[PDB]
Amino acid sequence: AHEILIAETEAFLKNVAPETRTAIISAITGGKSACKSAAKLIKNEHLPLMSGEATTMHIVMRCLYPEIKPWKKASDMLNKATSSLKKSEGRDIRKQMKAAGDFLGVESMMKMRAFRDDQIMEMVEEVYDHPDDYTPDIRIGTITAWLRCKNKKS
């Protein structure tokens, strides 16, 4: 569903410059080495992105290629954003994510269970903190659904 992911990332980045957006999108669709390089560029904050835009893009990139190490700024952010969740609540979310299977499943899970922002964000934290615990379909689906949610507020 990486095609839909790319589309949502493009929309998420609509307000940045072309070359810049083009540089990011071209890299993330350019293979593992290209995406890795783009993630390093992102975390070093050389591009003129807002803090939230940079962390969002690093999450997208690590979700695509989990060999990319975690950026503390993004990691810490997801921790704070979900700090009010009981461990039991997160346990339920892990199971439900897995059972969701793919993008359509994950989107449906978020909507039909009327998830709060913190619950959505716990799904994103699961894929960012523990990408290897989830299939590519779940990682991409979760991040796509998350980006779709944000873009609908634009």
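All residue numbers are counted from 1 along the displayed sequence.
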**Request:** Output the stretch having the higher mean C-alpha B factor in the entry; the candidates are 83 to 91 and 59 to 67.
**Result:** 83 to 91
**Asked** 13 to 21 versus 129 to 137: which one carries the higher mean Cα B factor per the record?
**Response** 13 to 21
**Third of the chain, ranked by Cα B-factor, where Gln119 sits** = lowest
**Message:** Among the modelled residues of this chain, does the Cα B factor of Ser33 put it in the lowest, middle or highest third?
**Reply:** middle
**Message:** Based on the deposited C-alpha B factors for this chain, I'd like to know if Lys43 is in the lowest, middle or highest third.
**Reply:** lowest
**Assigned third (lowest, middle, highest) for the C-alpha B factor of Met112** = middle
**Prompt:** Relative to the other modelled residues in the chain, which third contains the C-alpha temperature factor of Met97: lowest, middle or highest?
**Reply:** middle
